[PDB]
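1. model the following, please.
(one chain, ligands or ions: 5)
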Amino acid sequence: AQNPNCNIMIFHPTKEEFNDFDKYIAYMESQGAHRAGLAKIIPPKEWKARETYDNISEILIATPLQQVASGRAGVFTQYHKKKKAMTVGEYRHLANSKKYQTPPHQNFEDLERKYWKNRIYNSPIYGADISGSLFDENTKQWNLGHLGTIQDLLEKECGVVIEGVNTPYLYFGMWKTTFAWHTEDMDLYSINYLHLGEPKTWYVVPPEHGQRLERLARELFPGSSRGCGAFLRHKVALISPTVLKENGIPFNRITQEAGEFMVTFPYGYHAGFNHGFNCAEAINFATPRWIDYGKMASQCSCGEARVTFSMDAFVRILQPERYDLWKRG
Ligand SMILES: CCOC(=O)Cc1nn[nH]n1
Ligand SMILES: [Cl-]
Ligand code: NA
Ligand code: NI
Ligand SMILES: [Zn+2]
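-> Numbering: from 1, shown residues only. Ligands and ions are numbered 1, 2, ... in the order given. Next comes the structure:
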């Protein structure tokens, strides 16, 4: 079997290989990439997402979220406090201010150490989950607004014809902005392009070991676990690499830089943080291999994890038994 140690693999497709998106995902999996839960794809040198980023400052962040931590440095939750709307230009200025700017650091490992030491003592502001795209409509390869839809995938695989749309999200980040441990909705794939700015560090647990992370999370967040049997769905719990290592949890880490794609694979738990001001775009997608993961995906029914209108049909068709109870939440 390929990639038995579940290492994060990095791919360098040629411009010809970059034409057929589905085919390249299948290729990566043939090499065992999915075993890690996460892969990096560096686009060919001939490719670009758009011409420039000089004109993005007027995009609105309608509901920036302040990420307020509780707990200890290595085991904490974050709750999201709504702030007043800002433009991207205003947000960038805020990110670069003394209060929020990345501290001096020697390299990525030094900054990673500073993040886990000091994250809880600050409350950075994240402009997450903004419907939109920054790919030029003329970019034909790996344009995250022009992928095949999950609804069409389900139809092709299962004959299933369903309502729903699937469009990309933009994210504007700053130092210490954090994505909590999660898998995607319905354990879908995701793809993330870092358009501009400072890096993003990722942590990931191999899909074959996801239940080990879940068990540790239940132990570390016992009240949350009693409240919901899928509380990681809430996307608020953080566990540091030190604590994961202490508890024998298999994981890997990698830093994504501007101009690079990351793909997360079905049931690949991931978490991480932004190094400084940046802009990313992401969307969920499916392949034939996803279908069995979708059938088995845990669900939050406590009501906290509120989700997109597209998810109804996925639960309805793939998980009819669970549908009524899920719909209640
Ligand atoms: C407000 C919390 O926002 C997030 O966690 C957004 C995010 N999800 N994955 N990377 N960023
Ligand atoms: Cl710091
Ligand atoms: Na490893
Ligand atoms: Ni994700
Ligand atoms: Zn829940």
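2. CA atoms for contacts and neighbours, from now on please.
-> Will do.
3. for this structure, which residues are neighbours of ligand 1?
-> 65, 126, 128, 179, 180 (CA under 6 Å from any ligand atom).
4. which other residues reach stretch 150-162?
-> 163, 164, 165, 166, 284, 285, 286, 287, 288, 291, 313, 317 (CA atoms under 8 Å, 6 or more residues apart in numbering).
5. ok, 10 Å please
-> 149, 163-166, 188, 284-291, 310, 312-314, 316-318 (CA atoms under 10 Å, 6 or more residues apart in numbering).
6. quick one, helices of the protein?
-> For the chain, applying DSSP state H gives helices covering 21-30, 88-95, 108-118, 150-158, 210-220, 222-227, 241-246, 290-296, 311-318, 320-328.
7. now those as TSV including mean neighbour count?
-> Below are the helices of the chain laid out as TSV (neighbours: other CA atoms under 10 Å):
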stretch	mean neighbour count
helix 21-30	14
helix 88-95	18
helix 108-118	15
helix 150-158	16
helix 210-220	17
helix 222-227	13
helix 241-246	13
helix 290-296	16
helix 311-318	18
helix 320-328	14
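8. so which of those helices is nearest ligand 5?
-> helix 222-227 (7.0 Å; CA to the ion).
9. give me the contacts around the closest one.
-> Contacts of helix 222-227 (CA under 10 Å, 6+ apart): 214, 215, 216, 217, 218, 219, 230, 231, 232, 234, 237, 302.
10. just give me how far that helix sits from the chain centre.
-> Put simply, helix 222-227 sits 23 Å off its chain's centre (CA atoms, centre = their mean, to the nearest Å).
11. could you export that helix as PDB, CA atoms only?
-> Extracted in PDB, the C-alpha atoms of helix 222-227 (Å, rounded to 0.1, in the frame of the first residue of the first chain):
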ATOM      1  CA  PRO A 222     -15.800  16.300  28.900                       C
ATOM      2  CA  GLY A 223     -18.700  18.800  29.300                       C
ATOM      3  CA  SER A 224     -18.800  19.500  25.600                       C
ATOM      4  CA  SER A 225     -18.800  15.700  24.900                       C
ATOM      5  CA  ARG A 226     -21.800  15.200  27.200                       C
ATOM      6  CA  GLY A 227     -23.600  18.000  25.400                       C
END
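12. for the remainder of this discussion, apply numbering that starts at 51.
-> Let's use 51 as the start, then, which means that last one is helix 272-277.
13. of the helices of the chain, which is nearest residue 318?
-> helix 260-270 (6.9 Å; CA to CA).
14. that closest one vs ligand 5: in contact?
-> No: Helix 260-270 stays clear of ligand 5 (CA under 5 Å from the ion), getting no nearer than 12.9 Å.
15. what does the stretch 51-200 of the chain have sitting close to ligand 5?
-> Residues of the stretch 51-200 of the chain found near ligand 5 (CA under 5 Å from the ion): none.
16. pick out the residue of the stretch 51-200 of the chain closest to ligand 1.
-> For the stretch 51-200 of the chain and ligand 1, the shortest gap (CA to the nearest ligand atom) falls at residue 178, measuring 5.0 Å.
17. right, and that residue touches residue 222 too?
-> Yes: with contacts counted by CA atoms under 10 Å, residue 178 reaches residue 222, the gap being 6.3 Å.
18. residues contacting residue 314?
-> Going by CA under 10 Å, 6+ apart, residue 314 touches 83-84, 86-90, 233-234, 237-242, 254, 320, 334-335.
19. reformat the helices of the chain as TSV; add distance to residue 303.
-> Shown next, in TSV, are the helices of the chain (distance: least, CA to CA, whole Å):
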stretch	distance to residue 303
helix 71-80	18
helix 138-145	25
helix 158-168	11
helix 200-208	28
helix 260-270	15
helix 272-277	26
helix 291-296	9
helix 340-346	23
helix 361-368	29
helix 370-378	33
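20. quick one, which of those helices is nearest to residue 194?
-> helix 71-80 (10.3 Å).
21. contacts only, for whatever residue of the stretch 201-350 of the chain ends up closest to ligand 1.
-> In the stretch 201-350 of the chain, the residue that lies nearest ligand 1 is residue 229 (3.8 Å; CA to the nearest ligand atom). Contact analysis of residue 229 by CA under 10 Å, 6+ apart lists 117, 128, 176, 178, 252, 285-288, 320-324.
22. returning to that earlier point: comparing residue 178 and residue 222, which residue is more hemmed in?
-> For residue 178 and residue 222, the more surrounded residue by other CA atoms under 10 Å is residue 222, and the numbers stand at 26 against 21.
23. thinking the more buried one is in contact with residue 179, fair?
-> Yes: Residue 222 is in contact with residue 179 according to CA under 10 Å; the separation is 8.9 Å.
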